[PDB]
Structure formats: structure tokens, C-alpha cells
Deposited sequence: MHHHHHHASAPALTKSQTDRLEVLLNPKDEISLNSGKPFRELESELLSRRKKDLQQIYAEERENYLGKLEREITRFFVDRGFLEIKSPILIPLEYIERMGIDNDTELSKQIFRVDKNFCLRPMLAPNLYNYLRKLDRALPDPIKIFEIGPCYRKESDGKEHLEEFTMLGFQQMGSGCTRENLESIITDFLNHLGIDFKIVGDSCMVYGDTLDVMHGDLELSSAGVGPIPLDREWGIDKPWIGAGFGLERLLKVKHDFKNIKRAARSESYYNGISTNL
């Protein structure tokens, strides 16, 4: 009989592709030594042969996809004015107001990319030809209850197109090409809203404008856009049972435990 604590320890060391039954007769000590050897070899193979981090590599692959498709790569501030949250319509009744990491008196860690993308669309509308296509990838922050699908520090991809061609059909085509390119199974389920699901897991929320909120941001053109969590994409792709395996972490490297 393995104790529940010895099983938690072995499950840290287990990778989805492992073919080992934790319930078989071998003693903890031996099963731990086997898995430690495997995970050490896994890290050695990464270090010898490719050396790229899953989250960095995914960001670079997504970047090439969107640049190639005519979207401008944005890198905007992560620490943003608290006033942006209110101007997004996030009042006390909405659940997100309680999820904000505040910094100082007038700043917060951004929980979303939409504010900065709105500001860029408005400013670039002055210099760039129709349609304006932009995207950003980077850290976002939300206070969350413990969950196998939520991190407090995560990474989001946001893209938005404004002007002509901003139809639901074009939006679904971008999403569909994107996820088939990455090899991620999905279903699209549906101010017009749209969620991109993998089973019960939300990969993305997507939107079609105009919506009344646009006016506060100086936007008055149709638009389409979506936001995706990179760690959720990694979790699906690598079949991780807990999203912590995909996070920025000192505890996991490319889903391999670092506590060996």
C-alpha cells in the first residue's frame, strides 16, 4: 500500500507518456528511483538537443503565425493604470474587479490585453491602411481560486482586426487556421460572443464589434478579436493534468519536475 503522500510524490514525477502503473506491487522507494532516472534523462535530452522553453517557443511560433498573416506585433505595458479596468466596464458587480492585483495607488498588473489593444487600434488608425491587424502576447495576472485550469500569473495572446473584413466568418476562420496549425482540437460555441472550447476547458473568448464599450476607447469601426491562454494551449497539447506544469515556474521545466 502506497500512502496518499508517496502517490502525490510519484505523480509529480510522472509524465503523461509514462507507462508505469502507480497501483502495482513495487515499493515506493523503487518506483521513485525509476521515475527520478527517467526525468533526469528527459532533462539531459532537452539540454543536449534543443534547449528551448515550451512557453517561449510557443510564443515565438504564435508570433510567426500572426506576423505572417499580416498582424502587427505589439509589446505594451504589463503594469497599467488602474483607470483602464474601470473604463473596460469592470465594476464591483462583475467578478474580475475582485481579481485585480493592485500596485501602488493608481496601477495594477493587467488582467487582460484589451485596454492596450484598444489604445493601439485608435492610434494606428491614424497612420495605417484599412484593415488594422494587431496582436500581443505576454503576461497577465488575475487572483484565482486554486484550480487545475487557472494560474494567477499566465500568458495571453490577444489579436484584433478593425475596419473591413470584420465578420464572424473571418473570425472563425482565423481561429480555425490557428488551432489546426498548432494541432489543438477545439469546438467553437456561440455585441456577438464566441467561446473556443476543448471539452470543458475554455481556450479562448472571442468577440465581434462594434459594441457600446468601444466609444469610451475612441473606437467607432467594426472589429473582431480573441484572447487565448498559452498555458492552456500547452496543457492540452501535452496532456498535462494540471496547468501548473505549463506555467512560469521554478517547479517544472517543460512539464518535467525540477525537484529531483
In sequence order, the deposited-sequence ranges that have no modelled C-alpha atom: 1-11, 202-207
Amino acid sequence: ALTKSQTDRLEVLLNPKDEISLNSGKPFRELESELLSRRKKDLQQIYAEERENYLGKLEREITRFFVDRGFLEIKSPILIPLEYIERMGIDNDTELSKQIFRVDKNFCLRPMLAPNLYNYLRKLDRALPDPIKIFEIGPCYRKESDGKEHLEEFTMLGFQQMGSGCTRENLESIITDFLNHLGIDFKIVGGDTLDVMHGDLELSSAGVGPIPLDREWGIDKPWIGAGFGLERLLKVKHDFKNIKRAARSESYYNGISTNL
From here on, numbers count along this sequence of modelled residues.
Mean temperature factor over C-alpha atoms, higher-scoring stretch between 225-233 and 207-215: 207-215
Given 43-51 and 191-199, the range whose Cα B-factors average higher in the PDB entry: 191-199
Highest recorded Cα temperature factor - choice among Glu83, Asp177, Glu153, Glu73: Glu83
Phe107, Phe135, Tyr120, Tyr141, ranked by C-alpha B-factor: the highest one: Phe107
CA B-factor placement of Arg248, once the chain's modelled residues are sorted into thirds: lowest
Lowest, middle or highest third - CA B-factor, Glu59: lowest
Third of the chain, ranked by Cα B-factor, where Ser257 sits: lowest
CA B-factor ranking of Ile90, expressed as a third of its chain: highest
Position of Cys166 among the chain's modelled residues by C-alpha B-factor, lowest, middle or highest third: middle
